[PDB]
$ cat final_9.cif   # mmCIF, C-alpha atoms
data_query
#
loop_
_atom_site.label_atom_id
_atom_site.label_comp_id
_atom_site.auth_asym_id
_atom_site.auth_seq_id
_atom_site.Cartn_x
_atom_site.Cartn_y
_atom_site.Cartn_z
CA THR B 2 219.20 -69.69 -87.62
CA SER B 3 220.56 -66.36 -88.86
CA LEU B 4 224.04 -67.87 -89.11
CA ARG B 5 222.78 -70.80 -91.17
CA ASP B 6 221.47 -68.28 -93.72
CA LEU B 7 225.14 -67.36 -94.40
CA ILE B 8 225.70 -70.83 -95.87
CA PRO B 9 225.82 -70.82 -99.67
CA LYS B 10 222.56 -72.24 -101.08
CA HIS B 11 224.00 -73.18 -104.48
CA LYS B 12 227.28 -73.51 -106.40
CA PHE B 13 227.26 -69.89 -107.67
CA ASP B 14 226.01 -68.27 -104.45
CA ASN B 15 228.43 -65.66 -103.05
CA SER B 16 225.66 -63.47 -101.59
CA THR B 17 226.82 -64.18 -98.02
CA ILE B 18 230.57 -63.89 -98.63
CA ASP B 19 231.11 -60.42 -97.11
CA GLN B 20 229.17 -61.34 -94.00
CA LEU B 21 231.16 -64.58 -93.75
CA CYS B 22 234.51 -62.76 -94.12
CA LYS B 23 233.73 -60.86 -90.91
CA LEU B 24 233.15 -63.54 -88.28
CA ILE B 25 235.56 -64.69 -85.55
CA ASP B 26 236.38 -68.38 -85.03
CA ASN B 27 233.64 -68.98 -82.41
CA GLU B 28 231.09 -67.02 -84.44
CA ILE B 29 231.50 -69.22 -87.52
CA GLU B 30 232.27 -72.55 -85.82
CA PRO B 31 228.63 -73.80 -85.81
CA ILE B 32 228.53 -73.74 -89.61
CA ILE B 33 232.16 -74.59 -90.42
CA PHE B 34 231.32 -78.12 -91.61
CA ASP B 35 228.51 -76.71 -93.77
CA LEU B 36 231.07 -74.38 -95.41
CA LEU B 37 233.56 -77.22 -95.98
CA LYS B 38 230.93 -79.09 -98.03
CA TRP B 39 231.32 -76.42 -100.71
CA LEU B 40 234.82 -77.78 -101.28
CA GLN B 41 233.53 -81.19 -102.47
CA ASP B 42 234.37 -79.79 -105.91
CA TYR B 43 236.67 -76.78 -106.35
CA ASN B 44 235.42 -76.24 -109.91
CA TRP B 45 232.22 -74.88 -108.34
CA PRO B 46 232.51 -71.09 -108.67
CA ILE B 47 231.68 -70.62 -104.95
CA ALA B 48 234.52 -72.94 -103.84
CA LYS B 49 237.07 -70.23 -104.69
CA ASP B 50 235.44 -67.88 -102.14
CA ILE B 51 234.76 -70.53 -99.48
CA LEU B 52 238.33 -71.85 -99.45
CA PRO B 53 239.99 -68.67 -98.07
CA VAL B 54 237.35 -68.48 -95.33
CA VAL B 55 237.76 -72.05 -94.08
CA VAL B 56 241.58 -71.83 -94.19
CA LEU B 57 241.47 -68.60 -92.15
CA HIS B 58 239.26 -70.43 -89.60
CA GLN B 59 241.26 -73.66 -89.86
CA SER B 60 241.76 -74.21 -86.11
CA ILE B 61 238.05 -74.80 -85.45
CA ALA B 62 237.83 -76.66 -88.78
CA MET B 63 240.19 -79.45 -87.82
CA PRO B 64 237.88 -82.11 -86.31
CA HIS B 65 235.61 -81.68 -89.34
CA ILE B 66 238.54 -81.88 -91.73
CA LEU B 67 239.61 -85.15 -90.12
CA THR B 68 236.04 -86.51 -90.57
CA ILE B 69 236.27 -85.75 -94.30
CA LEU B 70 239.72 -87.40 -94.52
CA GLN B 71 238.30 -90.46 -92.72
CA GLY B 72 235.29 -90.56 -95.07
CA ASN B 73 234.82 -92.27 -98.43
CA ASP B 74 234.31 -89.23 -100.65
CA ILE B 75 237.54 -89.31 -102.72
CA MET B 76 236.97 -86.05 -104.62
CA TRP B 77 236.18 -84.18 -101.40
CA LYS B 78 239.27 -85.33 -99.49
CA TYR B 79 241.43 -84.77 -102.60
CA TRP B 80 240.51 -81.06 -102.73
CA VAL B 81 240.69 -80.68 -98.96
CA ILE B 82 244.15 -82.19 -98.84
CA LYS B 83 245.43 -80.44 -101.97
CA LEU B 84 244.09 -76.98 -101.11
CA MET B 85 244.32 -76.87 -97.34
CA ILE B 86 247.40 -78.82 -96.23
CA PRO B 87 249.96 -76.29 -97.52
CA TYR B 88 248.16 -73.55 -95.56
CA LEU B 89 247.79 -75.31 -92.22
CA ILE B 90 249.85 -73.68 -89.48
CA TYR B 91 252.26 -76.11 -87.79
CA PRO B 92 250.05 -77.55 -85.00
CA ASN B 93 247.18 -78.15 -87.42
CA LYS B 94 249.55 -79.59 -90.03
CA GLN B 95 250.69 -82.16 -87.47
CA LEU B 96 247.07 -83.20 -86.79
CA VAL B 97 246.46 -84.32 -90.38
CA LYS B 98 249.78 -86.13 -90.91
CA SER B 99 248.18 -89.38 -89.77
CA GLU B 100 245.56 -89.29 -92.49
CA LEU B 101 248.10 -88.48 -95.23
CA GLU B 102 250.23 -91.47 -94.17
CA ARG B 103 247.16 -93.71 -94.23
CA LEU B 104 246.05 -92.49 -97.66
CA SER B 105 249.55 -92.74 -99.13
CA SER B 106 249.55 -96.43 -98.18
CA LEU B 107 246.34 -97.38 -100.02
CA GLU B 108 246.50 -100.01 -102.76
CA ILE B 109 246.12 -98.30 -106.15
CA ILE B 110 243.18 -100.00 -107.85
CA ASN B 111 241.89 -97.13 -110.02
CA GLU B 112 242.88 -93.66 -111.24
CA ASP B 113 240.88 -91.78 -108.58
CA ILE B 114 242.75 -93.71 -105.88
CA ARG B 115 246.08 -93.18 -107.66
CA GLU B 116 245.47 -89.45 -107.67
CA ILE B 117 244.96 -89.23 -103.91
CA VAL B 118 247.77 -91.66 -103.04
CA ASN B 119 250.27 -89.72 -105.21
CA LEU B 120 249.10 -86.34 -103.82
CA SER B 121 249.47 -87.68 -100.28
CA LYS B 122 252.91 -89.01 -101.12
CA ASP B 123 254.05 -85.70 -102.71
CA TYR B 124 252.61 -83.69 -99.82
CA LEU B 125 254.24 -85.85 -97.14
CA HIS B 126 257.52 -85.56 -99.09
CA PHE B 127 257.28 -81.78 -99.45
CA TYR B 128 255.50 -80.48 -96.36
CA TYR B 129 256.73 -82.78 -93.59
CA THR G 2 263.51 -57.27 -80.55
CA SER G 3 262.01 -60.01 -78.44
CA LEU G 4 259.56 -60.03 -81.36
CA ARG G 5 262.26 -59.76 -84.07
CA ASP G 6 263.93 -62.85 -82.57
CA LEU G 7 260.97 -64.71 -84.09
CA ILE G 8 262.12 -63.86 -87.63
CA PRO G 9 263.86 -66.94 -89.04
CA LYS G 10 267.64 -66.32 -89.29
CA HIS G 11 268.32 -68.57 -92.29
CA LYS G 12 266.54 -70.62 -94.95
CA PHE G 13 266.17 -73.77 -92.83
CA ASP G 14 265.41 -71.96 -89.56
CA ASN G 15 262.06 -73.19 -88.16
CA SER G 16 263.10 -72.66 -84.52
CA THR G 17 260.59 -69.82 -84.05
CA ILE G 18 257.62 -71.36 -85.88
CA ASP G 19 255.75 -72.58 -82.75
CA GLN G 20 255.80 -69.09 -81.27
CA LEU G 21 254.82 -67.33 -84.51
CA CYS G 22 251.72 -69.57 -84.70
CA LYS G 23 250.51 -68.20 -81.32
CA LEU G 24 250.46 -64.49 -82.22
CA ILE G 25 247.42 -62.47 -83.28
CA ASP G 26 247.30 -59.76 -85.95
CA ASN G 27 248.50 -56.80 -83.93
CA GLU G 28 251.36 -58.61 -82.17
CA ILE G 29 252.83 -59.91 -85.44
CA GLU G 30 252.31 -56.76 -87.57
CA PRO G 31 255.80 -55.26 -86.83
CA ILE G 32 257.49 -58.32 -88.41
CA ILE G 33 254.93 -59.31 -91.06
CA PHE G 34 257.06 -57.80 -93.83
CA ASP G 35 260.17 -59.56 -92.48
CA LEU G 36 258.18 -62.81 -92.58
CA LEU G 37 257.02 -62.09 -96.14
CA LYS G 38 260.65 -61.98 -97.33
CA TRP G 39 260.93 -65.69 -96.69
CA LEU G 40 258.63 -66.23 -99.69
CA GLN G 41 261.25 -64.76 -102.01
CA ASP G 42 261.84 -68.41 -102.88
CA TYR G 43 259.29 -71.07 -101.94
CA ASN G 44 261.89 -73.83 -102.39
CA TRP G 45 263.70 -72.55 -99.29
CA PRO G 46 262.58 -75.07 -96.63
CA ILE G 47 261.47 -72.40 -94.11
CA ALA G 48 259.12 -70.85 -96.66
CA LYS G 49 256.63 -73.74 -96.40
CA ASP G 50 256.09 -73.03 -92.68
CA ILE G 51 255.94 -69.23 -93.06
CA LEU G 52 253.27 -69.30 -95.77
CA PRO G 53 250.51 -70.54 -93.35
CA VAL G 54 251.38 -67.73 -90.92
CA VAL G 55 251.37 -64.89 -93.48
CA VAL G 56 248.07 -66.11 -94.99
CA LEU G 57 246.54 -66.43 -91.55
CA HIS G 58 247.52 -62.79 -90.84
CA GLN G 59 246.68 -61.61 -94.33
CA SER G 60 244.64 -58.67 -93.04
CA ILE G 61 247.63 -56.87 -91.54
CA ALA G 62 249.77 -58.13 -94.45
CA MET G 63 248.02 -56.34 -97.28
CA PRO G 64 249.85 -53.00 -97.48
CA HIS G 65 253.09 -55.05 -97.47
CA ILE G 66 251.80 -57.44 -100.13
CA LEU G 67 251.01 -54.38 -102.24
CA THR G 68 254.57 -53.13 -101.69
CA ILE G 69 255.96 -56.45 -102.89
CA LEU G 70 253.71 -56.43 -105.99
CA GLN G 71 254.88 -52.84 -106.66
CA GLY G 72 258.60 -53.79 -106.33
CA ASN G 73 260.91 -55.29 -108.97
CA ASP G 74 261.77 -58.67 -107.43
CA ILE G 75 260.36 -61.09 -110.04
CA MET G 76 260.51 -64.39 -108.11
CA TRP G 77 259.23 -62.88 -104.87
CA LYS G 78 256.17 -61.47 -106.53
CA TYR G 79 255.66 -64.72 -108.47
CA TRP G 80 255.38 -66.69 -105.22
CA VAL G 81 253.34 -64.08 -103.38
CA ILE G 82 250.80 -63.95 -106.17
CA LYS G 83 250.79 -67.68 -106.89
CA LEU G 84 250.62 -68.73 -103.26
CA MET G 85 248.65 -66.03 -101.46
CA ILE G 86 246.06 -64.72 -103.89
CA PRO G 87 243.84 -67.80 -103.91
CA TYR G 88 243.74 -67.65 -100.10
CA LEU G 89 242.76 -64.02 -99.66
CA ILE G 90 239.28 -63.55 -98.28
CA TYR G 91 236.94 -61.44 -100.38
CA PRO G 92 237.92 -57.91 -99.18
CA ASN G 93 241.67 -58.60 -99.30
CA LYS G 94 241.26 -60.17 -102.74
CA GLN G 95 239.64 -56.89 -103.80
CA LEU G 96 242.55 -54.79 -102.51
CA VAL G 97 245.06 -56.62 -104.73
CA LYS G 98 243.02 -56.74 -107.91
CA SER G 99 244.56 -53.45 -109.11
CA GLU G 100 248.11 -54.76 -108.94
CA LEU G 101 247.13 -57.92 -110.82
CA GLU G 102 245.52 -55.82 -113.57
CA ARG G 103 248.64 -53.68 -113.81
CA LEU G 104 250.95 -56.70 -113.93
CA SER G 105 248.91 -58.49 -116.62
CA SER G 106 249.30 -55.38 -118.79
CA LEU G 107 253.11 -55.12 -118.63
CA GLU G 108 255.00 -55.17 -121.93
CA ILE G 109 257.14 -58.35 -121.94
CA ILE G 110 260.60 -56.97 -122.65
CA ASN G 111 262.61 -58.99 -120.13
CA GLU G 112 261.17 -62.44 -120.85
CA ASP G 113 261.65 -63.46 -117.20
CA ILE G 114 258.61 -61.28 -116.60
CA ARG G 115 256.27 -63.49 -118.67
CA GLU G 116 255.45 -65.80 -115.76
CA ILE G 117 254.20 -62.85 -113.73
CA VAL G 118 252.22 -61.39 -116.61
CA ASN G 119 250.63 -64.72 -117.50
CA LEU G 120 250.02 -65.80 -113.91
CA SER G 121 248.22 -62.49 -113.26
CA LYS G 122 246.13 -63.08 -116.40
CA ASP G 123 245.23 -66.61 -115.33
CA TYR G 124 244.43 -65.54 -111.78
CA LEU G 125 242.33 -62.59 -112.89
CA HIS G 126 240.36 -65.05 -115.08
CA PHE G 127 239.93 -67.67 -112.38
CA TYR G 128 239.51 -65.84 -109.06
CA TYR G 129 237.60 -62.68 -110.01
#

$ encode --input "final_9.cif" --output "structure tokens"
Amino acid sequence: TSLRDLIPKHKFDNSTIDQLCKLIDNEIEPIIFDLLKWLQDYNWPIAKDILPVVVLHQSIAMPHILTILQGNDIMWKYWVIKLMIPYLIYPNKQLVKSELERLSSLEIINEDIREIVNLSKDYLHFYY
Amino acid sequence: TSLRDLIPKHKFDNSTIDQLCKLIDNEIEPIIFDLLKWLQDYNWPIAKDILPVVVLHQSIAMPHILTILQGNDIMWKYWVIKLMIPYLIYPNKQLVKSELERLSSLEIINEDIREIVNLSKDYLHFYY
């Protein structure tokens, strides 16, 4: 329950950031998904401090990242893909390729879809 | 020199990437600066696979990032700032603030420098 207190409570809340920046992968794992939720919108002031943390602990983040990519929250997967994919070390990069391919193949029916299809296409082109 | 064999030999050389991704901070330290040199130009194909490694070992990378920001290689410091600064965890972010401040204050005499001055400005505004 002490760990869960380290989770930001609102979009401006960096009170726990120093404590967070100190944990090892297995110390932060239990709340990694909770931290990833603060990337649903990167324009939230706290997203800029959460992002480095989750990238640094990317290896234990992966199953949760895939869940997001397999979800229906377009904005959330857009930020996750855009911000995290270029900073995934090789083995983790290969884990998410599947989702990028899938997303790049979607029919473009609105602008939100077009954004994530074109990002997926550019990222497959560049990174893989 | 077993370790140095993991430094890519040329701008397409990803032959050592799998091994690099298995090291921890203190193993990789002795070549972190050699790895940082591969960000002198992020269009080099190997750069995209080195960036995840250097960010992941950012804590032993900081004195060497400072050295790069204190050098006179424009493009190198453009990429290092642009690519690494958003992904520094709080305490490493703090260490580099000084160099950003200094760079945003440079008189723009050689116009090639503008991108560094203005990037530092933008990043001071956004991340701090």

$ atom_distance --input "final_9.cif" --atom1 "atom CA of residue G:114" --atom2 "atom CA of residue G:76"
9.2 Å

$ closest_residue --input "final_9.cif" --among "B:65, B:58, B:78, B:122" --to "chain G" --atoms "only C-alpha atoms"
B:58

$ calpha_fit_rmsd --input "final_9.cif" --fixed "chain G" --moving "chain B"
0.6 Å

$ atom_distance --input "final_9.cif" --atom1 "atom CA of residue G:68" --atom2 "atom CA of residue G:93"
14.2 Å

$ resolve_selection --input "final_9.cif" --expression "the PyMOL selection byres ((chain B) within 6 of (chain G))" --output "ChimeraX atom specification"
/B:53,57,88-90

$ atom_distance --input "final_9.cif" --atom1 "atom CA of residue G:64" --atom2 "atom CA of residue G:83"
17.5 Å

$ resolve_selection --input "final_9.cif" --expression "the PyMOL selection byres ((chain B and resi 26) around 9)" --output "list in words"
residues 24, 25, 27, 28, 29, 30, 57, 58, 59, 60 and 61 of chain B

$ resolve_selection --input "final_9.cif" --expression "the PyMOL selection byres ((chain B and resi 102) around 10)" --output "PyMOL selection string"
chain B and resi 97-101+103-107+118+121-122+124-125

$ closest_residue --input "final_9.cif" --among "B:13, B:77, B:43, B:34" --to "residue B:63" --atoms "only C-alpha atoms"
B:34

$ residues_around --input "final_9.cif" --residues "residue B:41" --least-positions-apart "6" --cutoff "10 Å" --atoms "all atoms listed in the file" --output "PDB file with C-alpha atoms, in the frame of the given file"
ATOM      1  CA  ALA B  48     234.520 -72.940-103.840  1.00  0.00           C
ATOM      2  CA  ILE B  69     236.270 -85.750 -94.300  1.00  0.00           C
ATOM      3  CA  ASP B  74     234.310 -89.230-100.650  1.00  0.00           C
ATOM      4  CA  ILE B  75     237.540 -89.310-102.720  1.00  0.00           C
ATOM      5  CA  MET B  76     236.970 -86.050-104.620  1.00  0.00           C
ATOM      6  CA  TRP B  77     236.180 -84.180-101.400  1.00  0.00           C
ATOM      7  CA  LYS B  78     239.270 -85.330 -99.490  1.00  0.00           C
ATOM      8  CA  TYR B  79     241.430 -84.770-102.600  1.00  0.00           C
ATOM      9  CA  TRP B  80     240.510 -81.060-102.730  1.00  0.00           C
ATOM     10  CA  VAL B  81     240.690 -80.680 -98.960  1.00  0.00           C
TER      11      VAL B  81
END

$ axis_aligned_box --input "final_9.cif" --around "stretch 107-117 of chain G" --padding-each-side "8 Å" --output "lines of an AutoDock Vina configuration file"
center_x = 257.9
center_y = -60.5
center_z = -118.2
size_x = 25.5
size_y = 26.7
size_z = 24.9

$ decode --input "final_9.cif" --residues "stretch 52-75 of chain G" --atoms "C-alpha atoms" --output "PDB file, in the first residue's frame"
ATOM      1  CA  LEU G  52      19.685   5.426 -28.465  1.00  0.00           C
ATOM      2  CA  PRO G  53      17.612   2.914 -26.371  1.00  0.00           C
ATOM      3  CA  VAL G  54      20.827   1.592 -24.783  1.00  0.00           C
ATOM      4  CA  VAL G  55      22.311   4.997 -23.862  1.00  0.00           C
ATOM      5  CA  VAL G  56      18.981   6.194 -22.411  1.00  0.00           C
ATOM      6  CA  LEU G  57      18.611   2.976 -20.459  1.00  0.00           C
ATOM      7  CA  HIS G  58      22.089   3.552 -18.957  1.00  0.00           C
ATOM      8  CA  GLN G  59      21.602   7.289 -18.594  1.00  0.00           C
ATOM      9  CA  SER G  60      22.812   7.273 -14.993  1.00  0.00           C
ATOM     10  CA  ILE G  61      26.376   6.316 -15.876  1.00  0.00           C
ATOM     11  CA  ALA G  62      26.095   8.428 -19.054  1.00  0.00           C
ATOM     12  CA  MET G  63      25.638  11.830 -17.455  1.00  0.00           C
ATOM     13  CA  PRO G  64      29.216  13.085 -17.035  1.00  0.00           C
ATOM     14  CA  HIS G  65      29.729  12.123 -20.717  1.00  0.00           C
ATOM     15  CA  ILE G  66      26.513  13.834 -21.805  1.00  0.00           C
ATOM     16  CA  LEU G  67      27.778  16.943 -20.031  1.00  0.00           C
ATOM     17  CA  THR G  68      31.074  16.643 -21.930  1.00  0.00           C
ATOM     18  CA  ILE G  69      29.188  16.472 -25.226  1.00  0.00           C
ATOM     19  CA  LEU G  70      27.049  19.524 -24.317  1.00  0.00           C
ATOM     20  CA  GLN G  71      30.293  21.355 -23.378  1.00  0.00           C
ATOM     21  CA  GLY G  72      31.996  20.458 -26.708  1.00  0.00           C
ATOM     22  CA  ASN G  73      31.698  22.218 -30.078  1.00  0.00           C
ATOM     23  CA  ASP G  74      30.097  19.514 -32.238  1.00  0.00           C
ATOM     24  CA  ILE G  75      26.795  21.171 -33.238  1.00  0.00           C
TER      25      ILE G  75
END
